[PDB]
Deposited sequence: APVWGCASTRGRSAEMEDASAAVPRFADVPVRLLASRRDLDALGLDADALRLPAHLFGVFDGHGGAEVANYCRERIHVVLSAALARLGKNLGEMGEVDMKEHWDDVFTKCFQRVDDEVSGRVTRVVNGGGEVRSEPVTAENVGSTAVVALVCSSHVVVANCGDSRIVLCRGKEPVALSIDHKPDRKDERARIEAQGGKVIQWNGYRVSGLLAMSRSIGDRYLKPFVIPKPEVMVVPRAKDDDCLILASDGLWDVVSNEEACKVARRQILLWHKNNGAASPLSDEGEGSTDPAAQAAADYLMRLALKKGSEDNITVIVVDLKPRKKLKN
């Protein structure tokens, strides 16, 4: 049902700490978060009973280790899918509600839940029942970005935590769907300093002079300055839409938004002109191209690219 490609490499680094997830039909989106019950009652349709499939895509740039990025790959889509089914029922005996504010809650409480599992603040289930673990997943200096996009036929919902990024090409011109959580961002400095922390310029603006981002999963040794709260944006799809690009800093450090969009469209069209849970050859070709464009431009970091085609 969903058309995507994923290119991922160790790159010129000794170890791989990037992780990614692409889960088709991972959940059904409660339509009550996309449209009001009254508008649908006027058509005779029951918003609570309406089925709309969604897909999840995620990129997790680990730092200090791969274990938290890997844990995000394995748990976010599961925690999220369960929250959406629970929310779908609680809307039964509920009235109208702020959809913006409910998308914030479900993604925030989801990221917060994976962060709480990673740090040990809650017990977590292994071996699909029977086993439980309560000790932290790993040391307190390991973390990971999380940029995830929930995709259905009518909307793209985006949740970002860290300096990974997702970019939408709408109308052959790029649109940033996330804003990097660099610690020198005016509002992030204000937040960190209000907490009693410091944003120090130390080979780049860093929290406590250490971490080059203001939000992430894990990294409990930098709390409460570094936090897992994501920025959520709900983006109605349009006839203009070209594609979706999720990537780690391994790509965005050497490729601009404009360039990443231009190359993605071209590679998808380029593949269709020459040719009149599995990946799509055209999106894949755009993902492999963007990965190699990052290596050919001198990127020394891990590189992870997901391309999602928004047209056919």
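- Residues of the deposited sequence missing from the coordinate set occupy positions 277 to 286, 323 to 328.
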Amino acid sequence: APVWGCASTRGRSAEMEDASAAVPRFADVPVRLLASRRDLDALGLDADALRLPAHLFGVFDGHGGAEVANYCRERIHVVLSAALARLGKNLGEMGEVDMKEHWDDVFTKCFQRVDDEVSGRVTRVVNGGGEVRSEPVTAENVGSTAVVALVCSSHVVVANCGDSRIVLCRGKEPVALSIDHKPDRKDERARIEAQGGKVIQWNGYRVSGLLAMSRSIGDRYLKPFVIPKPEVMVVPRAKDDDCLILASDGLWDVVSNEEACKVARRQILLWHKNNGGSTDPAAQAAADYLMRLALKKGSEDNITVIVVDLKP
From here on, numbers count along this sequence of modelled residues.
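- Note on 142 to 150 vs 117 to 125: mean CA B-factor is higher in 117 to 125.
- With 108 to 116 and 87 to 95 compared on mean CA B-factor from the PDB entry, the stretch scoring higher is 87 to 95.
- The entry lists C-alpha B-factors for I268, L33, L40, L56, and the highest of these is at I268.
- Comparing the C-alpha B-factors of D61, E67, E259, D253 in the entry, the top value falls on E259.
- Sort the modelled residues of the chain by CA B factor and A27 lands in the lowest third.
- Sorting the modelled residues of the chain by their CA temperature factor places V263 in the highest third.
- Annotation for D18: CA B-factor lies in the lowest third of the chain's modelled residues.
- When all modelled residues of the chain are sorted by CA temperature factor, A47 is found within the middle third.
- For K239, the recorded CA B-factor ranks within the highest third of the chain. Only modelled residues enter the ranking.
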